[PDB]
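Here you get one chain, nothing else, as structure tokens; it is the form solved without ligand AMP.
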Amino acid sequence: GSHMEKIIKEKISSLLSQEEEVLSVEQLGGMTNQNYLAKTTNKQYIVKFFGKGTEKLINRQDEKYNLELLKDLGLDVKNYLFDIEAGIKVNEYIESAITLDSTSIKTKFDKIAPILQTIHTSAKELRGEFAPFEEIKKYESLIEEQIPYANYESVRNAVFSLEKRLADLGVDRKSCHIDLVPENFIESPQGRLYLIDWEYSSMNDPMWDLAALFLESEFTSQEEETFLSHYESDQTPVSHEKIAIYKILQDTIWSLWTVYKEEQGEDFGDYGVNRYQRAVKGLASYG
């Protein structure tokens, strides 16, 4: 316990049917939000309190709209409560589910590719657009201290030169998840894969999501080619160069996100610097 325990009980009893009590409340990991697992008599619930500083990062009204909008696709787990004023959301917790990792993900291509095809060709108009260069400027002005990363102004300029390349290649605007870390995929006992945690989801080019999938799980070149044969279709075209560019933009943006989050109280060790350095490496190989 206890006051956090009290709040969590104070906030999920309205979901508890006649004759039901909370057995235990456990803290979970997580990067964006303050997460808990509430175990009850009948079932378990994921409780997510909006993380430190995230109000500037995520439009929570947009997120709520997007959760409702995407429900019929059946990709995510259920949301039981989404209460913006209280700063809380409660999701279904899938029992005996397996959370994917960078190793186990390599065995699930035939399940992941159709999930991504589903969202990318859904025609869903999400509230909010992910404009990568605008996002960089966003994190720049949110960060109070100077950005700690070496040679930033020059790296930033090299990164911004990619905007013209993207415009020349053509940028698509489709519903995207935006954050394809392997832990966002869970497999239930029946063998059904779910894609969870849509809080960053926004309109973007689908090559962003492919880049994220590949980067976050460190796909090999062969693995990328094999995944792409699962994914590529008339309705889901693939540009390899766009993927390479979005990998650089992602490392750039999330390294900045890390600086912001760490000013808001977090500590992610070397997460931020490692991503930044990978962006620099990506730039050198690209250019």
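Basically, rigid core = biggest C-alpha set you can superpose within 1.5 Å across the two forms. In case it trips you up, residue 1 is the first one in the sequence shown, and so on.
The protein also exists as the form deposited with ligand AMP bound; that form is not presented, and the subsequent description refers to it.
In the entry with it bound, at least one heavy atom of residue 46 sits within 4.5 Å of ligand AMP. Interface membership of residue 184, defined by any non-hydrogen atom within 4.5 Å of ligand AMP in the entry with it bound, is confirmed.
For residue 205, no non-hydrogen atom is located within 4.5 Å of ligand AMP in the entry with it bound, even though that partner is not displayed. Taking the partner from the other structure, ligand AMP in the entry with it bound has a heavy atom within 4.5 Å of a heavy atom of residue 197. You can rule out all but one of 145-153, 104-112, 166-174, 184-192: in the entry with it bound, only 184-192 has residues with a heavy atom within 4.5 Å of ligand AMP. Scanning 75, 97, 158, 81 against ligand AMP in the entry with it bound with a 4.5 Å heavy atom cut-off leaves one residue, 97. Only one of 226, 35, 54, 40 lies close to ligand AMP in the entry with it bound, with a heavy atom inside 4.5 Å, and it is 35. For the partner-free chain shown, 77, 92, 93 of 56-93 come within 4.5 angstroms of ligand AMP in the entry with it bound, judged by any non-hydrogen atom.
Core-superposed comparison between the shown form and the other one: the CA of residue 244 stays below a 2 Å shift.
After superposition on the rigid core, the Cα atom of residue 231 is displaced by less than 2 Å between the shown form and the other one. Superposition of the core reveals a Cα shift of less than 2 Å for residue 60 between the shown form and the other one. In the entry with it bound, the CA atoms of residue 87 and residue 132 sit closer together than in the displayed form, by at least 3 angstroms.
By 3 Å or more, the C-alpha separation between residue 70 and residue 32 grows in the entry with it bound relative to the form shown here.
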